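Protein chains: 2
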Amino acid sequence: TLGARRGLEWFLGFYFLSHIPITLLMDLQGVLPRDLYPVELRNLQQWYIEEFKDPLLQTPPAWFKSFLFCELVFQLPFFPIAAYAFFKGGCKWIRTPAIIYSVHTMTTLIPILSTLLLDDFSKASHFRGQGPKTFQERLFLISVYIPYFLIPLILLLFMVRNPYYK
Amino acid sequence: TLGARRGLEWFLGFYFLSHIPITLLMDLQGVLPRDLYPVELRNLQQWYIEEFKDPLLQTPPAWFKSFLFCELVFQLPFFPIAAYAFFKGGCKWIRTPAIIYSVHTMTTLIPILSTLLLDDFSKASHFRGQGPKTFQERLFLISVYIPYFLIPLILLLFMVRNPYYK
Ligand SMILES: CN1C(=O)CCc2cc(CNC(C)(C)[C@@H](O)c3ccccc3)ccc21
Ligand SMILES: CN1C(=O)CCc2cc(CNC(C)(C)[C@@H](O)c3ccccc3)ccc21
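In order, the protein sequences belong to chains B and A. In terms of the deposited numbering, the numbers along the first sequence are unbroken and rise by one, the last being 168. In terms of the deposited numbering, the numbers along the second sequence are unbroken and rise by one, the last being 168.
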């Protein structure tokens with residue numbers, strides 16, 4: 003019926019397929035001009051920031067804004083290519099690019115997860131009137147970012163050791 | 003003669019070999035306790051911080067702190083292995099590990115160079131007056147950080163298309 007490799011390849015395909023509208027309509031809002039987005043999407047973003055108390059996409063710091071520029075220039079063009087390769091199967095040429103994407107995305111989230119878990123978001127910090135204050139709110143926000151470190155990690159382990167992609 | 007390929011392997015070897023003392027004696031002073039270093043080395047880092055106006059090494063922010071731990075846990079054990087492989091040459095088993103190191107090293111410096119070049123280090127910022135203000139001071143600091151982005155960039159492109167490592 004279905005194999006364990008092929009089933010993961012379908013999971014990787016939808017992960018890249020869903021990342022295209024998620025990046026365009028949500029994450030790149032902190033870098034791209036606001037007038038590119040309708041009023042409905044701009045308030046949709048504020049719903050997420052107010053519900054999850056996200057302080058990075060709200061006012062992007064210089065280090066976090068540099069990562070968003072990487073997501074537009076390097077990751078976003080790679081998402082449709084990776085979605086096709088893992089949906090069709092047998093595309094061995096995606097091996098090295100997928101490894102490059104996985105290590106790059108895993109490295110971007112390490113400072114993000116570390117910032118949300120340990121930093122203070124009250125006054126006397128650059129973030130003002132924003133950020134999680136309790137341990138529950140910090141974990142509630144980390145769970146939203148944590149798939150973009152685990153799934154690239156799974157892809158990295160999958161691409162390195164799979165004899166079919168080597 | 004020698005050959006640009008072999009010479010690059012010789013250049014890569016000295017890059018990883020010299021990276022061990024640089025990481026152990028200078029870079030990790032922000033995450034390791036100050037007591038571990040003698041007084042001369044502590045003040046030698048004080049010389050670099052005061053002359054170069056380095057705003058990230060003395061009081062490392064959380065995002066920069068997580069990268070220093072990645073330099074200690076992941077990069078430093080890899081430096082002797084890669085130095086031996088490139089001094090000897092023709093080690094096919096270094097291709098995938100070197101690609102992972104390169105992308106990881108390029109990704110950690112994009113926010114670093116961006117902060118040094120564009121961020122605000124005035125006395126009213128959370129950097130508390132420590133940091134470059136003029137364009138020449140920013141480039142003096144970028145000049146010492148930039149080799150660790152270009153050399154991994156050369157390594158990444160080298161491993162991807164070199165047949166002797168496939
Ligand atoms: C800069 N960057 C990257 O370079 C790697 C991918 C990434 C990922 C993210 C996380 N994106 C959120 C949490 C917004 C996403 O999960 C979401 C979207 C809609 C509803 C709920 C959650 C934020 C930034 C980046
Ligand atoms: C976290 N990380 C990495 O993951 C890659 C290597 C790296 C490199 C650096 C930059 N290290 C300095 C600027 C300190 C070094 O060039 C130096 C040493 C002695 C005298 C002058 C300059 C800072 C952070 C990282």
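All residues carry an ideal CB built from backbone N, CA and C; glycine is no exception.
Item, Value
"Any non-hydrogen atom of ligand 2 closer than 7 Å to residue 69 of chain A Cβ", "yes"
"beta-carbon residue 24 of chain A near ligand 2 non-hydrogen atom, thresh 7 Å", "yes"
"Residue 56 of chain B - DSSP class collapsed to helix/strand/coil", "coil"
"The segment 100-111 of chain B: positions lying closer than 7 Å to chain A by Cβ", "101, 102, 105, 106, 109 and 110"
"Residue 28 of chain A Cβ short of 7 Å to ligand 1 heavy atom set", "no"
"Residue 72 of chain A Cβ short of 7 Å to ligand 2 heavy atom set", "yes"
"Minimum C-alpha distance to residue 86 of chain B - residue among B/3, B/20 and B/162", "B/20"
"Cβ-heavy atom distance, residue 146 of chain A to ligand 2, below 7 Å", "yes"
"Through-space distance from residue 60 of chain B to residue 39 of chain B, alpha-carbon basis", "15 Å"
"Alpha-carbon to alpha-carbon, residue 132 of chain B and residue 47 of chain B", "15 Å"
"Distance, residue 91 of chain B Cα to residue 4 of chain B Cα", "13 Å"
"Which of helix, strand or coil DSSP assigns to residue 37 of chain A", "helix"
"First and last residue of the uninterrupted alpha helix (DSSP H) at residue 140 of chain B", "137-147"
"The segment 21-38 of chain A / the segment 73-83 of chain A touching (three or more Cβ pairs under 8 Å)", "yes"
"Exposure of residue 41 of chain B, with buried meaning 16 or more beta-carbon neighbours within 10 Å", "exposed"
"Residue 88 of chain A to residue 112 of chain B span [Cα, whole Å]", "29 Å"
"Status (buried if at least 16 other CB within 10 Å, exposed otherwise) for residue 52 of chain A", "exposed"
"Where the alpha helix (DSSP H) containing residue 25 of chain B begins and where it ends", "6-27"
"Residue 77 of chain A CB to nearest heavy atom of ligand 2 below 7 Å", "yes"
"Any C-beta of chain B under 8 Å from that of residue 20 of chain A", "no"
"Where the alpha helix (DSSP H) containing residue 80 of chain A begins and where it ends", "78-90"
"Extent of the continuous alpha helix (DSSP H) to which residue 105 of chain A belongs", "97-120"
"Range of the contiguous alpha helix (DSSP H) that encloses residue 69 of chain B", "64-72"
"The segment 108-123 of chain A contacting the segment 148-162 of chain A, beta-carbon criterion three pairs below 8 Å", "yes"
"Expected contact under 8 Å - CB spacing of residue 70 of chain B and residue 62 of chain B to nearest Å", "6 Å"
"Spatially closest choice to residue 138 of chain B from B/163, B/126, B/55 and B/106, by CA coordinates", "B/55"
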